[PDB]
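Source file: work-v8.txt; contents: compact mmCIF, C-alpha atoms and all ligand atoms.
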# COMPACT_ATOMS: atom_id res chain seq x y z
CA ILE A 1 -12.97 -5.47 11.14
CA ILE A 2 -16.47 -5.06 12.59
CA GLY A 3 -18.78 -3.50 10.01
CA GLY A 4 -17.21 -1.60 7.15
CA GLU A 5 -17.03 -3.00 3.63
CA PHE A 6 -15.17 -5.72 1.76
CA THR A 7 -12.37 -4.35 -0.45
CA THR A 8 -9.46 -5.49 -2.67
CA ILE A 9 -5.70 -4.80 -2.47
CA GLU A 10 -5.92 -2.42 -5.43
CA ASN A 11 -7.65 -0.09 -2.94
CA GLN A 12 -5.13 -0.89 -0.15
CA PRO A 13 -1.89 -1.64 -2.12
CA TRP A 14 0.38 -1.21 0.91
CA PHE A 15 -1.34 -3.92 2.96
CA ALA A 16 0.79 -6.93 3.87
CA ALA A 17 -0.66 -10.27 5.05
CA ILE A 18 1.57 -12.14 7.52
CA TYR A 19 1.21 -15.91 8.03
CA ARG A 20 3.04 -18.47 10.16
CA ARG A 21 4.28 -21.87 8.96
CA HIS A 22 3.28 -24.78 11.20
CA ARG A 23 4.76 -28.22 11.84
CA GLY A 24 3.32 -30.24 8.97
CA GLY A 25 2.17 -27.89 6.23
CA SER A 26 -0.68 -25.76 7.59
CA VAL A 27 -0.19 -22.01 7.15
CA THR A 28 -2.38 -19.83 9.39
CA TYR A 29 -2.97 -16.07 9.31
CA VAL A 30 -1.28 -14.06 12.04
CA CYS A 31 -1.45 -10.30 11.49
CA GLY A 32 -1.61 -7.40 9.11
CA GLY A 33 1.19 -5.04 8.19
CA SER A 34 2.19 -2.21 5.84
CA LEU A 35 4.92 -1.92 3.20
CA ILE A 36 6.88 1.24 4.09
CA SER A 37 9.69 0.54 1.58
CA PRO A 38 10.37 -2.17 -1.04
CA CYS A 39 12.21 -4.21 1.61
CA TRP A 40 10.38 -3.28 4.82
CA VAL A 41 7.00 -4.10 6.34
CA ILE A 42 5.88 -2.51 9.59
CA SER A 43 3.60 -4.42 11.94
CA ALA A 44 3.05 -5.01 15.67
CA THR A 45 5.37 -6.78 18.14
CA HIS A 46 2.31 -8.36 19.84
CA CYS A 47 2.05 -10.59 16.76
CA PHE A 48 5.50 -12.20 17.08
CA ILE A 49 6.50 -11.93 20.76
CA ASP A 50 5.49 -15.53 21.58
CA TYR A 51 7.15 -17.00 18.44
CA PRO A 52 10.25 -14.85 17.62
CA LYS A 53 11.44 -17.25 14.88
CA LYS A 54 11.69 -15.32 11.61
CA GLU A 55 11.91 -18.57 9.63
CA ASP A 56 8.33 -19.49 10.59
CA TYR A 57 6.79 -16.47 8.86
CA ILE A 58 5.55 -15.79 5.34
CA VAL A 59 4.60 -12.33 4.06
CA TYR A 60 2.21 -11.77 1.16
CA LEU A 61 1.87 -8.55 -0.82
CA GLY A 62 -0.87 -7.90 -3.38
CA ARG A 63 -3.14 -10.41 -1.64
CA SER A 64 -6.92 -9.84 -1.39
CA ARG A 65 -7.95 -13.21 0.06
CA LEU A 66 -7.03 -15.21 3.16
CA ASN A 67 -6.62 -18.77 1.90
CA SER A 68 -6.64 -18.26 -1.86
CA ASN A 69 -4.23 -16.76 -4.39
CA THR A 70 -4.58 -13.39 -6.13
CA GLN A 71 -2.83 -12.76 -9.46
CA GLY A 72 0.04 -10.31 -9.14
CA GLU A 73 0.63 -11.35 -5.53
CA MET A 74 4.16 -11.93 -4.25
CA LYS A 75 5.37 -14.24 -1.48
CA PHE A 76 8.28 -13.25 0.80
CA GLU A 77 10.46 -14.80 3.49
CA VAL A 78 11.50 -12.77 6.55
CA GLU A 79 15.20 -11.93 6.47
CA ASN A 80 15.08 -10.00 9.73
CA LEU A 81 12.44 -9.75 12.46
CA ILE A 82 12.90 -6.65 14.60
CA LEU A 83 10.75 -6.53 17.73
CA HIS A 84 10.68 -3.46 19.96
CA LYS A 85 12.79 -4.03 23.08
CA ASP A 86 10.46 -2.10 25.42
CA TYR A 87 7.29 -3.91 24.38
CA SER A 88 4.97 -4.78 27.27
CA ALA A 89 1.35 -5.78 27.78
CA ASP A 90 -0.73 -4.63 30.75
CA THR A 91 -4.38 -5.33 31.61
CA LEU A 92 -5.52 -3.85 28.29
CA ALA A 93 -2.68 -1.64 27.08
CA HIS A 94 0.11 -2.82 24.79
CA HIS A 95 3.12 -0.50 24.88
CA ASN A 96 5.66 0.05 22.10
CA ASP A 97 3.59 -2.32 19.98
CA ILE A 98 5.60 -1.99 16.79
CA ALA A 99 7.80 -4.30 14.73
CA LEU A 100 9.78 -4.26 11.50
CA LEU A 101 10.10 -7.14 9.05
CA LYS A 102 12.80 -7.11 6.41
CA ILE A 103 11.46 -9.15 3.53
CA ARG A 104 13.00 -10.95 0.59
CA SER A 105 11.73 -13.36 -2.04
CA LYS A 106 13.38 -16.73 -2.69
CA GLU A 107 15.53 -14.99 -5.33
CA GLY A 108 16.71 -12.47 -2.74
CA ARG A 109 14.73 -9.53 -4.12
CA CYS A 110 12.46 -7.00 -2.44
CA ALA A 111 8.95 -5.92 -3.44
CA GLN A 112 8.45 -4.70 -7.01
CA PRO A 113 5.84 -1.90 -7.19
CA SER A 114 2.68 -2.51 -9.20
CA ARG A 115 -1.02 -1.64 -9.20
CA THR A 116 -1.44 -4.12 -6.32
CA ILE A 117 1.83 -3.48 -4.46
CA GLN A 118 2.66 0.05 -3.28
CA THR A 119 4.41 1.60 -0.29
CA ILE A 120 2.77 4.09 2.09
CA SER A 121 4.42 7.28 3.25
CA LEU A 122 5.49 7.62 6.88
CA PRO A 123 4.41 10.76 8.83
CA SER A 124 6.68 13.69 9.67
CA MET A 125 8.12 14.18 13.17
CA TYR A 126 5.22 14.73 15.60
CA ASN A 127 2.99 15.74 12.68
CA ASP A 128 -0.34 13.99 13.13
CA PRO A 129 -3.77 14.79 11.66
CA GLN A 130 -6.08 16.97 13.74
CA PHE A 131 -8.47 15.07 16.01
CA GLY A 132 -11.82 14.51 14.32
CA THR A 133 -10.08 13.56 11.06
CA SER A 134 -11.42 10.54 9.19
CA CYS A 135 -8.95 7.68 8.65
CA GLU A 136 -9.17 4.12 7.33
CA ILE A 137 -8.19 0.74 8.74
CA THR A 138 -7.80 -2.50 6.80
CA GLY A 139 -7.56 -6.12 7.90
CA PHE A 140 -8.61 -9.77 7.80
CA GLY A 141 -9.68 -9.66 11.45
CA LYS A 142 -12.96 -10.81 12.98
CA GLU A 143 -16.28 -9.38 11.75
CA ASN A 144 -18.04 -10.08 15.06
CA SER A 145 -16.63 -10.75 18.54
CA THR A 146 -18.44 -14.11 18.58
CA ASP A 147 -16.75 -15.34 15.39
CA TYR A 148 -13.90 -17.86 15.67
CA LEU A 149 -12.97 -17.68 11.98
CA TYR A 150 -11.63 -14.75 9.95
CA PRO A 151 -13.36 -13.44 6.79
CA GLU A 152 -11.98 -14.73 3.49
CA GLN A 153 -11.95 -11.29 1.85
CA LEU A 154 -9.98 -8.22 2.94
CA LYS A 155 -12.05 -5.56 4.71
CA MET A 156 -11.81 -1.85 5.45
CA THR A 157 -13.66 0.84 7.35
CA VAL A 158 -13.45 4.52 8.24
CA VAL A 159 -13.03 5.71 11.83
CA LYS A 160 -12.47 9.14 13.40
CA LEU A 161 -9.41 10.18 15.38
CA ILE A 162 -10.27 10.91 19.02
CA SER A 163 -8.28 13.35 21.19
CA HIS A 164 -6.09 12.16 24.04
CA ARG A 165 -8.21 14.16 26.48
CA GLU A 166 -11.35 12.27 25.46
CA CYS A 167 -9.71 8.84 25.32
CA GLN A 168 -8.22 9.48 28.77
CA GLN A 169 -11.67 9.93 30.35
CA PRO A 170 -12.71 7.52 33.17
CA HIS A 171 -15.42 5.74 31.15
CA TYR A 172 -13.04 5.36 28.20
CA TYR A 173 -9.51 4.17 29.02
CA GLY A 174 -8.33 6.54 31.73
CA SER A 175 -4.58 6.71 32.27
CA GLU A 176 -4.04 3.47 30.32
CA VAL A 177 -3.73 5.33 27.00
CA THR A 178 -0.47 7.24 26.53
CA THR A 179 0.85 9.92 24.17
CA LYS A 180 2.58 7.16 22.21
CA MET A 181 -0.90 5.91 21.24
CA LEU A 182 -3.83 7.25 19.22
CA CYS A 183 -7.52 6.48 19.70
CA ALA A 184 -9.99 6.17 16.85
CA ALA A 185 -13.62 5.13 16.69
CA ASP A 186 -16.89 5.36 14.81
CA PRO A 187 -19.05 8.12 16.32
CA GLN A 188 -21.89 5.57 16.22
CA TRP A 189 -19.71 2.78 17.70
CA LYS A 190 -20.78 0.45 14.87
CA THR A 191 -17.43 -0.16 13.15
CA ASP A 192 -13.99 -0.91 14.61
CA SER A 193 -10.91 -3.16 14.41
CA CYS A 194 -11.00 -6.54 16.19
CA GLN A 195 -8.91 -9.66 16.88
CA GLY A 196 -6.86 -10.51 13.81
CA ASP A 197 -6.45 -6.87 12.75
CA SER A 198 -3.33 -6.21 14.86
CA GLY A 199 -0.37 -4.88 12.90
CA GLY A 200 -2.59 -3.41 10.20
CA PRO A 201 -2.55 0.26 9.14
CA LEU A 202 -4.55 3.25 10.27
CA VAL A 203 -4.17 5.47 7.19
CA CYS A 204 -4.98 9.18 7.14
CA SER A 205 -4.97 11.72 4.33
CA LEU A 206 -2.56 14.32 5.71
CA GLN A 207 -2.02 17.43 3.57
CA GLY A 208 -3.13 15.70 0.38
CA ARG A 209 -1.10 12.53 0.95
CA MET A 210 -1.95 9.03 2.25
CA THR A 211 0.02 8.60 5.47
CA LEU A 212 0.65 5.63 7.79
CA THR A 213 -0.63 7.35 10.95
CA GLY A 214 -1.07 4.33 13.20
CA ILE A 215 -0.80 0.59 13.70
CA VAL A 216 -3.74 -1.46 15.01
CA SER A 217 -2.82 -2.44 18.56
CA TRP A 218 -5.48 -2.87 21.23
CA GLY A 219 -8.89 -2.12 22.69
CA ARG A 220 -11.55 -3.35 25.10
CA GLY A 221 -13.77 -5.70 23.10
CA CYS A 222 -14.74 -4.67 19.56
CA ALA A 223 -17.13 -1.89 18.52
CA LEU A 224 -18.26 -1.36 22.13
CA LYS A 225 -19.49 2.08 23.24
CA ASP A 226 -16.87 4.38 24.81
CA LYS A 227 -14.14 1.82 24.04
CA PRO A 228 -12.23 3.08 20.97
CA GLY A 229 -9.60 1.08 19.14
CA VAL A 230 -6.12 2.12 20.25
CA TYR A 231 -3.27 2.47 17.76
CA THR A 232 0.49 2.75 17.99
CA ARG A 233 1.35 6.38 17.13
CA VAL A 234 3.81 5.98 14.25
CA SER A 235 5.06 9.60 14.34
CA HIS A 236 6.61 8.97 17.78
CA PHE A 237 8.65 6.00 16.57
CA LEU A 238 10.39 7.58 13.57
CA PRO A 239 13.82 7.54 15.29
CA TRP A 240 13.30 3.85 16.09
CA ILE A 241 12.14 3.08 12.54
CA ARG A 242 15.03 4.94 10.91
CA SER A 243 17.66 3.44 13.23
CA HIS A 244 16.65 -0.16 12.48
CA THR A 245 16.02 0.18 8.74
CA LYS A 246 19.38 1.71 7.77
CA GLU A 247 21.26 -1.59 8.17
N1 LIG A 301 -11.83 -2.14 20.16
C1 LIG A 301 -10.90 -2.55 19.34
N2 LIG A 301 -10.78 -1.84 18.27
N3 LIG A 301 -10.47 -3.56 20.01
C2 LIG A 301 -9.21 -4.13 19.43
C3 LIG A 301 -8.12 -3.50 18.83
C4 LIG A 301 -7.06 -4.26 18.35
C5 LIG A 301 -7.14 -5.66 18.35
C6 LIG A 301 -6.08 -6.48 17.61
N4 LIG A 301 -5.54 -7.53 18.45
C7 LIG A 301 -5.26 -8.74 17.92
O1 LIG A 301 -5.34 -8.90 16.70
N5 LIG A 301 -4.89 -9.73 18.77
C8 LIG A 301 -4.13 -10.93 18.39
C9 LIG A 301 -3.74 -11.69 19.71
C10 LIG A 301 -2.89 -12.96 19.40
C11 LIG A 301 -3.72 -13.93 18.51
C12 LIG A 301 -4.11 -13.20 17.19
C13 LIG A 301 -2.81 -12.78 16.44
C14 LIG A 301 -1.98 -11.82 17.33
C15 LIG A 301 -1.59 -12.54 18.65
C16 LIG A 301 -2.81 -10.54 17.64
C17 LIG A 301 -4.96 -11.93 17.52
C18 LIG A 301 -8.21 -6.30 19.01
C19 LIG A 301 -9.26 -5.53 19.56

Here is a file; write its structure as structure tokens.
Ligand SMILES: N=C(N)Nc1ccc(CNC(=O)N[C@]23C[C@H]4C[C@H](C[C@H](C4)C2)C3)cc1
Amino acid sequence: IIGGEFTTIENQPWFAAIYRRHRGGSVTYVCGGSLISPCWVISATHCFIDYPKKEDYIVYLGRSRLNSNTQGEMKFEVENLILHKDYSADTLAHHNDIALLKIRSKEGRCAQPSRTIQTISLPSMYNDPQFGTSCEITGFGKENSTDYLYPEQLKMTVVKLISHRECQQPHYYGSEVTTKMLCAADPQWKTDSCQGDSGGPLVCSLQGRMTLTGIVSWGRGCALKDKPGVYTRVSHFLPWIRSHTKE
């Protein structure tokens, strides 16, 4: 996250930190995610497409820091890794960038709600916030494009939803952005998501309720003018979500 402020999971209780186990013992951060139900975390396919082995992943809930523990945190294994079949990456655009992770602790249990571990509500069919609405993103991604390390503390920022008409302009993204995606940016172009934030949530207060409106997916650079962050439009994948979570 470029700009914004440091935060704690108590403020973003639905945030899930996904790491990958390496040959030896080193565990590195991969992507963000969101707990949509005690047993399910939703993230981005881009994060796992090159290493589809569910056994190599670890999911943390109630975690505020990258390489250090946080009391109340819970560690989970990935029972099932569901990648979207029609995922594809173009020059800039990442299509159907969405994934589901069924989690379970070593005792075979799912997440237990607490002050640091809470689920976020999914949107209603095709019901998205009006463009111009303020929403928040959270992640452990880069703070500057020139950084090669991720911040140690969770971050968050507020961005505004941009209409498809505006995001489809020539100087923005043109025809690369689709109706299955949502654009969001800071009117001042000072804050934005960046590498390492993929899979994280774009949360919007819709009708007095915190809703998982989007998933961090792609964008040209980070916090560059006329280049908004692009998010996977969750409301258009409800059938997909429901069909893979049932069983
Ligand atoms: N302008 C933006 N908001 N630009 C934007 C938007 C989304 C992203 C997120 N994209 C990523 O996190 N990329 C990866 C690319 C690969 C190495 C790591 C882990 C995953 C695979 C995801 C970083 C980047 C840049």

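The list of residues with at least one atom within 6 Å of residue 61 (chain A), based on all atoms listed in the file and without residues fewer than 4 positions apart in the same chain, reads residues 16, 73 and 74 of chain A.
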
All residues 8 Å or closer to residue 132 (chain A), only C-alpha atoms, same chain fewer than 3 positions away omitted, as an MDAnalysis selection string: chainID A and resid 160:163

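All residues, whether protein, DNA or RNA, that have an atom at most 7 Å from ligand LIG 301 (chain A) (counting all atoms listed in the file) are residues 30, 31, 46, 47, 141, 192, 193, 194, 195, 196, 197, 198, 216, 217, 218, 219, 220, 221, 222, 223, 224, 227, 228, 229 and 230 of chain A.
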
Interatomic distance, CA of residue 39 (chain A) to CA of residue 52 (chain A) (Å, one decimal): 19.3 Å

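Minimum distance to residue 124 (chain A) across A:79, A:236, A:244, A:9 (counting only C-alpha atoms) occurs at A:236.
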